[PDB]
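The data below hold one chain only, encoded as C-alpha cells and taken in the form deposited in one PDB entry.
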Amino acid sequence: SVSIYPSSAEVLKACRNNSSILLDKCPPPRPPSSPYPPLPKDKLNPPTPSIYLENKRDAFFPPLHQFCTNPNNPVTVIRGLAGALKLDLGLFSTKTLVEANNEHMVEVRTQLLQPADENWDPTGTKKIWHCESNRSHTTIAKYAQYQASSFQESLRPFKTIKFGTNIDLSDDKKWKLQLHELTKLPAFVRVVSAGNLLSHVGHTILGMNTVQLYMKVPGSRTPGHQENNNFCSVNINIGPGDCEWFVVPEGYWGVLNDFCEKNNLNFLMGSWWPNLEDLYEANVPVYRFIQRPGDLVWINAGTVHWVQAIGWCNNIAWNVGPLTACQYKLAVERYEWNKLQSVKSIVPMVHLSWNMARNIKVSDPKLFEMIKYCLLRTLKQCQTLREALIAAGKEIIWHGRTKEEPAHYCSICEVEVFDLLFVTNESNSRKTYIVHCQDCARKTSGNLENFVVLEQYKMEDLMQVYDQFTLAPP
C-alpha cells in the first residue's frame, strides 16, 4: 500500500512559503453533454428495475443493496416491502397522524390538477414546463380534514388542489412509534446507519437524515429535481392510493438542465414538470412506473425524478448516502456546481468529509483517495488563509464549537464556511453570530476592519485527523 499524499507537516511547511505540492487550479464543474452512446427510440421507455419481496428474509438478502446501488439502475422499486417486513403502515395513516399531533405544521403547495402526465399553462392553451406550486402553511388537523373531504367529494379550466408536503417527522418525542417502526428496515435503507454517510454529518439535516411525510390528494405533484447533493432517496407509499413516478438517469441531467434554461427556468431551484414529448425527441430515456401502497422506491444517486399522486395517499421519505466512491463523487461534484451557481448545499460536504475521516475506516482505495484528497485541499486552504490573516496582522479568536454544532454557511452567498468564520463586530458582541465567508466579508471591508475572525477547530486537530486517515485493511 502506497501513500500518495503529503503529510500534514509537509502541507503546513508548504503554506509557510520552490516546488509545488499540488495543482490548486482545478477543472471547474459543468453540466455533462448528452450521454454516449446515444439511445435509439426503441430504448427510451425502459422497464423499471424491480425487486419482488415475499418474506422478511428476502429484504435482508445482501445482493439487494448492490442491485439498488448499481449505477446502471437509476431507480429500483421494491414490491411488497411493507408486507414482507410486516410494517404497520397504519402508524402513518392520516387518522393516526391527527391523533398523534393534530397541530403539527404542514407545508402546503397549491397547484392545478393537471391531466395525466401533462402540464399545461393555466388557460389550458399549451403544454409548458413551469409547474405552478404556491406555498402556504397549515396544521395536520386542517389538511387531514381537506384530504378526507376531497375523497368523499369524489365518491359523489383546471380545478385547484392542495398538497401537504415536507411534514417534519424528526421529533422522536412526538413520533416515537412511527420512527420506531422504521428500525425494522434493512440497514441499507434505514434513516440512521453506520453505512450511511448522512449519519456521519453529526447534526440534523431536515428531510435528509430525518423522516419527511407527504399527505396527498390526486394530482399532487413533486416537480423535477435531483436530491440535495445527489444523495440517494428512499420513499415508502403509505396508501391507500398509488403514486406515479417519472425517472431519468443521472447522466442526462445536463440535457434536462438545458431544457430548463430554454424554457426560462432554473434547473436547481426552479419548479418544472418535463414535457415527455420533448424528452422523447431528444432521446432521453424515461422510466415510468406506479408505486403502490407498501412499495419502496429507491432513487439512485443523482437520478432525476418527478412524482404525482394518482390516488389519495401519504408517503414517507428520507435520504441515504451509501459508503461508495460513486455516491461521494456525485455529492462532491454537486457541492462544487452549487458553489458556482450560488445555490446552497444542504449537505455540508467539507464538514461531513472531516467527520468521515474521524469515524470511518475506509477500505476501498478509490473512495479513500477521494476523501483524503478533499481533506488535503481544505487543510491547505485553511492554513493558507490562517497564514494570510497572521501576515496582515489580523488576529484569530478561539471560538471552538460543540460536537453537535451544525456547519455554518455564509449569510450572503450561502457557501459552507469551514473552520474560520467572519462575523461583524456588532454581530459578535450580540452573539447573533451572523457568519460570512471570506469573500463576502471583504466585499464590504477590504481589510476586514468591520469583522472578527472566529476559529472553530485547532489546526493541530485537523492535522492529526488528516494524518490518521489511512486506507483500512479489507
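Start at 1 and count along the sequence shown; that's the residue number. For clarity, a rigid core is taken as the largest C-alpha set superposing within 1.5 Å between two forms. Shifts are known only where both forms have a C-alpha.
Here the subject shifts to the form deposited with a partner chain bound, a form of this protein not shown in this document.
Peer 1: Using a 4.5 Å heavy atom cut-off, are 165, 206 and 402 all in contact with the partner chain in the entry with it bound?
Peer 2: Checking in the entry with it bound: 165, 206 and 402 are all within 4.5 Å of the partner chain.
Peer 1: So which of 188, 253, 214, 259 gets a non-hydrogen atom within 4.5 Å of the partner chain in the entry with it bound?
Peer 2: By the 4.5 Å heavy-atom cutoff, the listed residue in contact is 214.
Peer 1: What is the one choice in 104, 79, 142, 130 with a heavy atom within 4.5 Å of the partner chain in the entry with it bound?
Peer 2: It is 130.
Peer 1: The chain here is shown without the partner chain. Which stretch in 361 to 369, 67 to 75, 335 to 343, 221 to 229 comes within 4.5 angstroms of it in the entry with it bound, by heavy atom distance?
Peer 2: Selected stretch: 221 to 229.
Peer 1: Could you tell me if residue 414 has a non-hydrogen atom within 4.5 Å of the partner chain in the entry with it bound?
Peer 2: Residue-level check for residue 414: yes, a contact with the partner chain.
Peer 1: Can you work out whether residue 150 and the partner chain are in contact in the entry with it bound, taking contact to mean some heavy atom pair no more than 4.5 Å apart?
Peer 2: Judged by the heavy-atom cut-off of 4.5 Å, residue 150 is well away from the partner chain in the entry with it bound.
Peer 1: Should residue 194 be counted as a contact of the partner chain in the entry with it bound, where contact means heavy atoms within 4.5 Å?
Peer 2: Judged by the heavy-atom cut-off of 4.5 Å, residue 194 is well away from the partner chain in the entry with it bound.
Peer 1: Can you work out whether residue 199 and the partner chain are in contact in the entry with it bound, taking contact to mean some heavy atom pair no more than 4.5 Å apart?
Peer 2: No - in the entry with it bound, heavy atoms of residue 199 and the partner chain never come within 4.5 Å of each other.
Peer 1: Among 54, 449, 439, 426, which is the residue that shifts its C-alpha 2 Å or more between this form and the one not shown, core superposed?
Peer 2: Residue with a C-alpha shift of 2 Å or more: 426.
Peer 1: In the entry with it bound, the Cα separation between residue 388 and residue 427 changes by 3 Å or more relative to the shown form; did it shrink or grow?
Peer 2: Farther, not closer.
Peer 1: Since the Cα-Cα distance for residue 429 and residue 388 shifts by 3 angstroms or more in the entry with it bound, is it a contraction (closer) or an expansion (farther)?
Peer 2: Farther is correct, given that in the entry with it bound the C-alpha spacing of residue 429 to residue 388 is increased by at least 3 Å.
Peer 1: Spell out which consecutive segments of 3+ residues have Cα shifts of at least 2 angstroms at every position between this form and the one not shown, with the rigid core used for superposition.
Peer 2: Shifted segment: 425 to 431, the only one.
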